[PDB]
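Heads up: the structure comes next, in structure tokens.
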Amino acid sequence: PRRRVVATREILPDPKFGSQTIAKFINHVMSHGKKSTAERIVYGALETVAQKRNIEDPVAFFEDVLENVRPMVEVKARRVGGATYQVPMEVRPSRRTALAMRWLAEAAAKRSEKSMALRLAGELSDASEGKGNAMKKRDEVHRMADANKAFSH
Amino acid sequence: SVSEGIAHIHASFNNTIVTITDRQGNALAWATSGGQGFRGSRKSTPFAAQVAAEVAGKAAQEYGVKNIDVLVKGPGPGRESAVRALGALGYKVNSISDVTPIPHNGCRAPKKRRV
Amino acid sequence: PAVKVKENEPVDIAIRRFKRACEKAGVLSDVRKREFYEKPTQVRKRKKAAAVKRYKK
RNA sequence: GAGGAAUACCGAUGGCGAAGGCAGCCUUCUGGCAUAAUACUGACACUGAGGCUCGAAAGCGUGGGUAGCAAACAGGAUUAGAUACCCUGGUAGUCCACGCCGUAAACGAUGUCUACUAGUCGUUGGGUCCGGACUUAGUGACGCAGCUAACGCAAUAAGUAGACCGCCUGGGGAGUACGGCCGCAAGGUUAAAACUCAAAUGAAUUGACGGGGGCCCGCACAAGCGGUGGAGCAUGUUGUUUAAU
């Protein structure tokens with residue numbers, strides 16, 4: 001807003017892992033307020049990748065892929081006397097997680113697998129090694145930040 | 001070949017040129033902000049001067065210069081960044097001098113811009 | 001405006017001292033005052049306004 | 001190496017000059033001013049129509065010079081256009097000598113000279129006393145009384161008076177025409193009328209507005225989520241069509 005910084009809402013964890021990170025990703029996958037549909041999409045993706053990779057605890061795998069997708073430097077528009085400068089700045093960690101989750105969902109939304117859960121699992125697997133449209137978007141953002149790398153205002 | 005050198009930091013409002021010569025005045029290497037990929041507004045920044053000084057120093061370091069004294073001239077922004085670049089590139093600075101041409105009320109300046 | 005860097009001191013402190021010396025020597029002010037030619041009437045106006053401000057404060 | 005021009009710092013509501021003006025340094029020629037005391041002349045004064053002199057910059061003539069800057073001019077951009085603003089060049093001019101021109105918001109928009117009228121604080125050049133005190137001639141900032149339509153001025157008056165000179169008499173037409181005079185020219189100077197309009201103005205007040213400044217708020221933007229604009233249909237309106245829609 002314009003005056004204060006709101007106290008953030010509490011997010012209850014996912015029922016089947018007890019992790020607020022997976023709960024927040026379920027929210028990012030959600031549409032029209034359908035928690036059950038979003039939860040089954042995300043859980044199908046997670047069980048698919050877990051059964052394919054033979055990993056007992058996939059929350060750590062999700063943390064790994066999330067930190068791999070997270071950018072560190074984002075380009076912000078600044079105004080100095082009528083000049084629009086694309087100054088690269090750091091990303092605060094909350095925005096880091098939000099951007100990573102949004103990029104993962106929007107990249108998984110455009111793939112070619114049959115089910116959305118299969119699409120999301122394939123995208124998680126791909127970003128685990130370092131490929132996929134989430135990785136391309138992160139690389140694009142880093143590319144623009146380094147392309148400027150000349151305004152430290 | 002030469003161990004003592006002079007780094008001239010000619011810095012204008014538009015561009016900054018970093019030349020490195022011997023004590024006598026014969027140029028060994030040079031770099032410019034406009035010759036390092038930056039053009040227009042980016043070219044007249046301290047960062048472009050930093051990379052120009054880095055390139056010029058790394059090109060002239062093969063000659064054998066380790067001792068160098070800098071000669072800053074002009075009002076541009078990269079006049080301070082180029083010296084830090086040279087210092088961090090491993091050059092042993094001898095002295096920092098600011099030899100900029102200052103007329104004693106000589107030739108008439110160009111007219112004031114009406115912008 | 002010449003600063004002779006001593007032994008073992010960082011180039012950052014050396015350039016801070018050089019910036020101080022160059023600011024003392026009035027280098028950037030003089031190179032600014034030659035950027036465009038200034039008409040005697042505008043010089044006189046600027047000086048008179050400066051004197052009025054300096055006297056008031 | 002050649003050349004031309006300007007003289008950073010000092011530098012200062014600092015200085016000098018009647019004004020216009022006048023900045024490196026040195027010599028020569030030369031004006032005024034400020035100051036202390038003594039001596040001297042003895043009203044020799046003030047102002048001043050016509051007149052004469054000087055008079056920024058631009059401009060003109062002849063002869064030199066020509067670095068930078070730069071009218072004009074050329075190209076590049078911007079733009080709807082862009083004979084501009086910005087950019088790159090660039091000639092007259094700016095510089096010198098000798099002459100013309102005679103005009104500037106040539107301003108303090110305040111003629112010159114004289115006397116008197118609370119005060120406070122700076123600064124420049126002298127002087128006299130004991131770092132100050134005082135007194136002078138300038139140069140500033142404040143501030144009474146007084147004045148003023150108000151703003152404001154206020155011993156550097158726009159106060160209180162006096163001397164002489166200049167000028168004004170609604171706004172345009174018009175500082176124009178015609179005629180003189182001056183000028184190489186550009187033009188300057190002196191200076192109407194018809195006609196036309198009931199205004200044109202000054203200062204201040206309240207608002208509003210500003211591609212003025214400062215501070216602040218609103219899903220105003222930014223950060224996001226979902227739409228509308230494309231399809232079919234519902235509904236409303238326009239247009240059209242109808243006897244009417």
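Chain identifiers are assigned as A, B, and so on, following the order in which chains appear in the structure tokens; residues are numbered from 1 within each chain, and ligands are numbered from 1 in order of appearance.
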When you get a sec, could you note down which chain B residues fall within 9 Å of chain A, using only C-alpha atoms, as a PDB file with N, CA, C and O atoms, in the first residue's frame?
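Written output follows (result34.pdb):
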```
ATOM      1  N   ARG B  42      25.157   3.795 -21.199  1.00  0.00           N
ATOM      2  CA  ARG B  42      25.959   2.851 -20.432  1.00  0.00           C
ATOM      3  C   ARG B  42      27.447   3.146 -20.547  1.00  0.00           C
ATOM      4  O   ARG B  42      28.203   2.846 -19.618  1.00  0.00           O
ATOM      5  N   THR B  45      29.437   5.509 -17.769  1.00  0.00           N
ATOM      6  CA  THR B  45      29.277   5.101 -16.385  1.00  0.00           C
ATOM      7  C   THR B  45      30.618   4.716 -15.781  1.00  0.00           C
ATOM      8  O   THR B  45      31.569   4.401 -16.503  1.00  0.00           O
ATOM      9  N   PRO B  46      30.744   4.758 -14.453  1.00  0.00           N
ATOM     10  CA  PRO B  46      31.978   4.265 -13.826  1.00  0.00           C
ATOM     11  C   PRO B  46      32.259   2.794 -14.084  1.00  0.00           C
ATOM     12  O   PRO B  46      33.429   2.399 -14.102  1.00  0.00           O
ATOM     13  N   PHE B  47      31.230   1.962 -14.270  1.00  0.00           N
ATOM     14  CA  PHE B  47      31.462   0.539 -14.509  1.00  0.00           C
ATOM     15  C   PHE B  47      32.154   0.299 -15.845  1.00  0.00           C
ATOM     16  O   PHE B  47      33.035  -0.566 -15.952  1.00  0.00           O
ATOM     17  N   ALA B  48      31.755   1.036 -16.883  1.00  0.00           N
ATOM     18  CA  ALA B  48      32.416   0.899 -18.174  1.00  0.00           C
ATOM     19  C   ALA B  48      33.867   1.345 -18.100  1.00  0.00           C
ATOM     20  O   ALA B  48      34.738   0.746 -18.737  1.00  0.00           O
TER      21      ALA B  48
END
```
Chain A near chain D within 12 Å: what's each residue's closest atom pair and its distance in Å to one decimal, counting only C-alpha atoms (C1' of nucleotides), ordered by chain then ascending residue number, as a Markdown table?
```
| residue | atom | partner | partner_atom | distance |
| --- | --- | --- | --- | --- |
| A:1 | CA | D:219 | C1' | 9.3 |
| A:2 | CA | D:217 | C1' | 8.4 |
| A:3 | CA | D:217 | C1' | 9.4 |
| A:27 | CA | D:225 | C1' | 11.9 |
| A:28 | CA | D:225 | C1' | 10.5 |
| A:30 | CA | D:225 | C1' | 11.1 |
| A:31 | CA | D:225 | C1' | 9.6 |
| A:32 | CA | D:226 | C1' | 9.6 |
| A:33 | CA | D:225 | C1' | 11.7 |
| A:76 | CA | D:222 | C1' | 11.0 |
| A:77 | CA | D:222 | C1' | 10.4 |
| A:78 | CA | D:222 | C1' | 11.6 |
| A:95 | CA | D:223 | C1' | 9.9 |
| A:98 | CA | D:224 | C1' | 10.5 |
| A:99 | CA | D:224 | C1' | 11.1 |
| A:102 | CA | D:224 | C1' | 10.7 |
```
Please, what distance in Å, to one decimal, runs between atom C1' of residue 55 of chain D and atom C1' of residue 20 of chain D?
-> 5.1 Å
Please identify every residue of chain D that has at least one atom no more than 12 Å from any atom of chain B, counting only C-alpha atoms (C1' of nucleotides), and report them as number ranges by chain.
-> D: 4-9, 23-24, 67-70, 84-87, 94
Test item: residues at most 10 Å from residue 72 of chain B, only C-alpha atoms (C1' of nucleotides), excluding those fewer than 4 positions along its chain, as an MDAnalysis selection string | (chainID B and resid 7:11 18 76 78:80 82:83 96:100) or (chainID C and resid 1:2)
Produce a file of the selected residues containing N, CA, C and O atoms, as a PDB file, in the first residue's frame.
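Wrote out34.pdb, looks like this:
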```pdb
ATOM      1  N   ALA B   7      49.690   5.551 -16.388  1.00  0.00           N
ATOM      2  CA  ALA B   7      48.338   5.240 -16.834  1.00  0.00           C
ATOM      3  C   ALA B   7      47.540   6.531 -16.943  1.00  0.00           C
ATOM      4  O   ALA B   7      47.212   7.142 -15.925  1.00  0.00           O
ATOM      5  N   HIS B   8      47.215   6.932 -18.168  1.00  0.00           N
ATOM      6  CA  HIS B   8      46.437   8.139 -18.418  1.00  0.00           C
ATOM      7  C   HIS B   8      44.962   7.779 -18.513  1.00  0.00           C
ATOM      8  O   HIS B   8      44.588   6.842 -19.227  1.00  0.00           O
ATOM      9  N   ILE B   9      44.131   8.537 -17.801  1.00  0.00           N
ATOM     10  CA  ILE B   9      42.757   8.148 -17.498  1.00  0.00           C
ATOM     11  C   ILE B   9      41.773   9.130 -18.123  1.00  0.00           C
ATOM     12  O   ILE B   9      40.787   9.520 -17.489  1.00  0.00           O
ATOM     13  N   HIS B  10      42.055   9.573 -19.347  1.00  0.00           N
ATOM     14  CA  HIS B  10      41.324  10.689 -19.937  1.00  0.00           C
ATOM     15  C   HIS B  10      39.823  10.427 -19.909  1.00  0.00           C
ATOM     16  O   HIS B  10      39.318   9.635 -20.700  1.00  0.00           O
ATOM     17  N   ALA B  11      39.088  11.132 -19.052  1.00  0.00           N
ATOM     18  CA  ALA B  11      37.696  10.810 -18.770  1.00  0.00           C
ATOM     19  C   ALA B  11      36.824  12.011 -19.095  1.00  0.00           C
ATOM     20  O   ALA B  11      36.906  13.041 -18.422  1.00  0.00           O
ATOM     21  N   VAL B  18      41.454   4.858 -21.329  1.00  0.00           N
ATOM     22  CA  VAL B  18      42.510   4.442 -20.419  1.00  0.00           C
ATOM     23  C   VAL B  18      43.676   3.998 -21.286  1.00  0.00           C
ATOM     24  O   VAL B  18      43.622   2.935 -21.909  1.00  0.00           O
ATOM     25  N   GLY B  76      34.800  13.317 -16.052  1.00  0.00           N
ATOM     26  CA  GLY B  76      33.897  12.203 -16.213  1.00  0.00           C
ATOM     27  C   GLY B  76      33.793  11.336 -14.978  1.00  0.00           C
ATOM     28  O   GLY B  76      34.590  11.447 -14.044  1.00  0.00           O
ATOM     29  N   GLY B  78      34.198   8.041 -14.588  1.00  0.00           N
ATOM     30  CA  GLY B  78      35.042   6.872 -14.468  1.00  0.00           C
ATOM     31  C   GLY B  78      36.451   7.169 -14.007  1.00  0.00           C
ATOM     32  O   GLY B  78      37.286   6.265 -13.898  1.00  0.00           O
ATOM     33  N   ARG B  79      36.712   8.439 -13.708  1.00  0.00           N
ATOM     34  CA  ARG B  79      38.039   8.859 -13.281  1.00  0.00           C
ATOM     35  C   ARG B  79      38.430   8.248 -11.941  1.00  0.00           C
ATOM     36  O   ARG B  79      39.623   8.078 -11.668  1.00  0.00           O
ATOM     37  N   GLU B  80      37.452   7.910 -11.103  1.00  0.00           N
ATOM     38  CA  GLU B  80      37.700   7.257  -9.825  1.00  0.00           C
ATOM     39  C   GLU B  80      37.607   5.741  -9.927  1.00  0.00           C
ATOM     40  O   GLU B  80      38.279   5.026  -9.180  1.00  0.00           O
ATOM     41  N   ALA B  82      38.402   3.835 -12.629  1.00  0.00           N
ATOM     42  CA  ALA B  82      39.526   3.254 -13.352  1.00  0.00           C
ATOM     43  C   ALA B  82      40.708   2.994 -12.428  1.00  0.00           C
ATOM     44  O   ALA B  82      41.402   1.979 -12.566  1.00  0.00           O
ATOM     45  N   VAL B  83      40.954   3.897 -11.478  1.00  0.00           N
ATOM     46  CA  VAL B  83      42.084   3.723 -10.574  1.00  0.00           C
ATOM     47  C   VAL B  83      41.852   2.540  -9.642  1.00  0.00           C
ATOM     48  O   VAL B  83      42.782   1.781  -9.346  1.00  0.00           O
ATOM     49  N   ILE B  96      48.910   9.202  -7.506  1.00  0.00           N
ATOM     50  CA  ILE B  96      47.667   9.594  -8.158  1.00  0.00           C
ATOM     51  C   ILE B  96      47.730  11.092  -8.410  1.00  0.00           C
ATOM     52  O   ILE B  96      47.782  11.886  -7.463  1.00  0.00           O
ATOM     53  N   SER B  97      47.708  11.489  -9.676  1.00  0.00           N
ATOM     54  CA  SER B  97      47.806  12.892 -10.043  1.00  0.00           C
ATOM     55  C   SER B  97      46.642  13.265 -10.945  1.00  0.00           C
ATOM     56  O   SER B  97      46.127  12.433 -11.696  1.00  0.00           O
ATOM     57  N   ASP B  98      46.226  14.526 -10.862  1.00  0.00           N
ATOM     58  CA  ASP B  98      45.097  15.037 -11.632  1.00  0.00           C
ATOM     59  C   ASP B  98      45.617  16.193 -12.477  1.00  0.00           C
ATOM     60  O   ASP B  98      45.601  17.348 -12.052  1.00  0.00           O
ATOM     61  N   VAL B  99      46.078  15.877 -13.679  1.00  0.00           N
ATOM     62  CA  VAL B  99      46.584  16.879 -14.608  1.00  0.00           C
ATOM     63  C   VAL B  99      45.468  17.138 -15.617  1.00  0.00           C
ATOM     64  O   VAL B  99      45.424  16.555 -16.699  1.00  0.00           O
ATOM     65  N   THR B 100      44.577  18.051 -15.280  1.00  0.00           N
ATOM     66  CA  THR B 100      43.563  18.366 -16.268  1.00  0.00           C
ATOM     67  C   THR B 100      43.788  19.770 -16.813  1.00  0.00           C
ATOM     68  O   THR B 100      44.162  20.675 -16.062  1.00  0.00           O
TER      69      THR B 100
ATOM     70  N   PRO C   1      47.102  18.754  -7.852  1.00  0.00           N
ATOM     71  CA  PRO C   1      46.407  17.626  -7.230  1.00  0.00           C
ATOM     72  C   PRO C   1      47.161  16.328  -7.446  1.00  0.00           C
ATOM     73  O   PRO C   1      46.801  15.539  -8.315  1.00  0.00           O
ATOM     74  N   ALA C   2      48.210  16.118  -6.659  1.00  0.00           N
ATOM     75  CA  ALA C   2      49.053  14.938  -6.773  1.00  0.00           C
ATOM     76  C   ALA C   2      49.150  14.291  -5.405  1.00  0.00           C
ATOM     77  O   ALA C   2      49.521  14.950  -4.429  1.00  0.00           O
TER      78      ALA C   2
END
```
Point-to-point distance in Å for atom CA of residue 2 of chain B and atom CA of residue 62 of chain B =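 Separation between atom CA of residue 62 of chain B and atom CA of residue 2 of chain B: 9.9 Å.
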Tell me, as a PyMOL selection string, which residues lie within 9 Å of residue 128 of chain A, counting only C-alpha atoms (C1' of nucleotides); anything in the same chain fewer than 5 positions away does not count.
-> chain A and resi 61-62+64-66+68-69+123
Within 9 Å of chain B, which residues of chain C are there when counting only C-alpha atoms? Please give them as a ChimeraX atom specification.
-> /C:1-6,10-12,14-15,18-19,22,27-28,30-32,34-38
Include C-alpha atoms and write out the residues we just selected as a PDB file, in the first residue's frame.
```pdb
ATOM      1  CA  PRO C   1      46.407  17.626  -7.230  1.00  0.00           C
ATOM      2  CA  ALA C   2      49.053  14.938  -6.773  1.00  0.00           C
ATOM      3  CA  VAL C   3      48.862  12.247  -4.095  1.00  0.00           C
ATOM      4  CA  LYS C   4      51.857   9.970  -3.564  1.00  0.00           C
ATOM      5  CA  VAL C   5      50.624   6.607  -2.294  1.00  0.00           C
ATOM      6  CA  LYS C   6      52.749   5.279   0.560  1.00  0.00           C
ATOM      7  CA  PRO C  10      45.193   0.314   0.162  1.00  0.00           C
ATOM      8  CA  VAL C  11      44.401   1.908  -3.176  1.00  0.00           C
ATOM      9  CA  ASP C  12      40.956   2.697  -1.757  1.00  0.00           C
ATOM     10  CA  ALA C  14      44.906   6.329  -1.576  1.00  0.00           C
ATOM     11  CA  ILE C  15      42.053   7.307  -3.896  1.00  0.00           C
ATOM     12  CA  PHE C  18      43.381  11.847  -3.867  1.00  0.00           C
ATOM     13  CA  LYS C  19      39.692  12.757  -4.065  1.00  0.00           C
ATOM     14  CA  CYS C  22      41.422  17.181  -5.887  1.00  0.00           C
ATOM     15  CA  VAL C  27      39.680  21.009 -10.180  1.00  0.00           C
ATOM     16  CA  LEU C  28      36.137  19.878 -10.956  1.00  0.00           C
ATOM     17  CA  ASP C  30      37.070  24.959 -12.646  1.00  0.00           C
ATOM     18  CA  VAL C  31      36.430  22.376 -15.359  1.00  0.00           C
ATOM     19  CA  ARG C  32      32.693  22.886 -14.818  1.00  0.00           C
ATOM     20  CA  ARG C  34      34.427  26.209 -18.661  1.00  0.00           C
ATOM     21  CA  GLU C  35      31.656  23.870 -19.867  1.00  0.00           C
ATOM     22  CA  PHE C  36      29.774  26.758 -21.500  1.00  0.00           C
ATOM     23  CA  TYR C  37      30.624  30.417 -21.956  1.00  0.00           C
ATOM     24  CA  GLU C  38      28.748  32.660 -19.532  1.00  0.00           C
TER      25      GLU C  38
END
```
Chain D contacts on chain C, only C-alpha atoms (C1' of nucleotides), 8 Å, as a PyMOL selection string = chain C and resi 30+48+51-52
Could you please take those selected residues and save N, CA and C atoms as a tab-separated table (two decimals), in the first residue's frame?
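Ended up saving to selection.tsv:
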```tsv
chain	number	residue	atom	x	y	z
C	30	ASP	N	36.51	24.19	-11.54
C	30	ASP	CA	37.07	24.96	-12.65
C	30	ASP	C	36.74	24.33	-13.99
C	48	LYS	N	26.09	38.66	-7.78
C	48	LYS	CA	25.31	39.53	-6.91
C	48	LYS	C	24.33	38.72	-6.07
C	51	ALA	N	26.33	37.04	-3.35
C	51	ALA	CA	26.68	37.97	-2.28
C	51	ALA	C	25.48	38.27	-1.39
C	52	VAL	N	24.29	38.42	-1.99
C	52	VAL	CA	23.09	38.66	-1.20
C	52	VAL	C	22.80	37.47	-0.30
```
Near-segment 28-36 of chain B list (9 Å; only C-alpha atoms (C1' of nucleotides); drop same-chain fewer than 2 positions) as a PyMOL selection string = chain B and resi 15-22+26+38-40+42-45+47-57+59-60+63
Write out, as a compact mmCIF listing (two decimals), in the first residue's frame, the residues just selected, with N, CA and C atoms.
```txt
# COMPACT_ATOMS: atom_id res chain seq x y z
N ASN B 15 32.76 9.60 -22.71
CA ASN B 15 33.61 8.43 -22.78
C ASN B 15 34.78 8.58 -21.83
N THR B 16 35.43 7.46 -21.53
CA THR B 16 36.69 7.47 -20.80
C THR B 16 37.68 6.54 -21.47
N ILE B 17 38.87 7.06 -21.76
CA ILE B 17 39.93 6.36 -22.46
C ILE B 17 41.07 6.12 -21.47
N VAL B 18 41.45 4.86 -21.33
CA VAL B 18 42.51 4.44 -20.42
C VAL B 18 43.68 4.00 -21.29
N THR B 19 44.73 4.80 -21.34
CA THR B 19 45.94 4.40 -22.04
C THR B 19 47.03 4.12 -21.01
N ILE B 20 47.92 3.20 -21.34
CA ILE B 20 49.06 2.87 -20.50
C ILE B 20 50.30 2.98 -21.36
N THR B 21 51.24 3.80 -20.92
CA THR B 21 52.47 4.11 -21.63
C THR B 21 53.65 3.88 -20.70
N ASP B 22 54.85 4.02 -21.24
CA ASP B 22 56.05 3.98 -20.43
C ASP B 22 56.28 5.34 -19.78
N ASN B 26 55.41 6.80 -24.68
CA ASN B 26 55.07 5.94 -25.81
C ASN B 26 54.02 4.95 -25.35
N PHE B 38 29.79 -1.26 -24.47
CA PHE B 38 28.87 -0.27 -23.94
C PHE B 38 28.77 0.91 -24.89
N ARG B 39 27.54 1.35 -25.14
CA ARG B 39 27.28 2.49 -26.00
C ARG B 39 26.25 3.39 -25.33
N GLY B 40 26.23 4.65 -25.77
CA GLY B 40 25.24 5.59 -25.29
C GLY B 40 25.34 5.90 -23.81
N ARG B 42 25.16 3.79 -21.20
CA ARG B 42 25.96 2.85 -20.43
C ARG B 42 27.45 3.15 -20.55
N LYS B 43 27.87 3.74 -21.66
CA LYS B 43 29.29 3.96 -21.93
C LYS B 43 29.89 5.01 -21.01
N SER B 44 29.07 5.94 -20.52
CA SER B 44 29.54 7.03 -19.67
C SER B 44 29.31 6.76 -18.19
N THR B 45 29.44 5.51 -17.77
CA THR B 45 29.28 5.10 -16.38
C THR B 45 30.62 4.72 -15.78
N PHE B 47 31.23 1.96 -14.27
CA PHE B 47 31.46 0.54 -14.51
C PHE B 47 32.15 0.30 -15.85
N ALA B 48 31.76 1.04 -16.88
CA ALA B 48 32.42 0.90 -18.17
C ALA B 48 33.87 1.35 -18.10
N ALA B 49 34.15 2.38 -17.31
CA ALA B 49 35.53 2.76 -17.07
C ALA B 49 36.29 1.69 -16.30
N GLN B 50 35.62 1.03 -15.36
CA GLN B 50 36.25 -0.07 -14.64
C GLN B 50 36.66 -1.18 -15.59
N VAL B 51 35.76 -1.58 -16.49
CA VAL B 51 36.12 -2.67 -17.40
C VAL B 51 37.16 -2.21 -18.42
N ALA B 52 37.11 -0.95 -18.85
CA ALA B 52 38.13 -0.44 -19.77
C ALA B 52 39.51 -0.44 -19.11
N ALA B 53 39.59 0.03 -17.87
CA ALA B 53 40.85 0.02 -17.15
C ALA B 53 41.33 -1.40 -16.92
N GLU B 54 40.41 -2.32 -16.62
CA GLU B 54 40.78 -3.72 -16.46
C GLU B 54 41.38 -4.28 -17.74
N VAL B 55 40.75 -4.00 -18.89
CA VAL B 55 41.25 -4.53 -20.15
C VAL B 55 42.61 -3.92 -20.49
N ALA B 56 42.74 -2.60 -20.33
CA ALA B 56 44.01 -1.95 -20.65
C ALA B 56 45.13 -2.42 -19.73
N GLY B 57 44.84 -2.55 -18.43
CA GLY B 57 45.85 -3.03 -17.51
C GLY B 57 46.26 -4.46 -17.79
N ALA B 59 46.12 -5.95 -20.64
CA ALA B 59 46.85 -6.00 -21.91
C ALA B 59 48.27 -5.47 -21.75
N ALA B 60 48.47 -4.45 -20.92
CA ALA B 60 49.79 -3.88 -20.73
C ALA B 60 50.60 -4.60 -19.67
N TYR B 63 53.55 -6.59 -20.88
CA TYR B 63 54.76 -5.85 -21.21
C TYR B 63 55.77 -5.93 -20.07
```
Spatial neighbours of residue 11 of chain A, 12 Å, only C-alpha atoms (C1' of nucleotides), chain gap at least 4 places, as a count of residues only = 11
Please run DSSP on the backbone and report, as number ranges by chain, all residues within chain C that come out as helix (DSSP H, G or I).
-> C: 11-24, 27-33, 40-56
Coordinates-based distance that separates atom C1' of residue 61 of chain D from atom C1' of residue 189 of chain D (Å, one decimal) = 22.9 Å
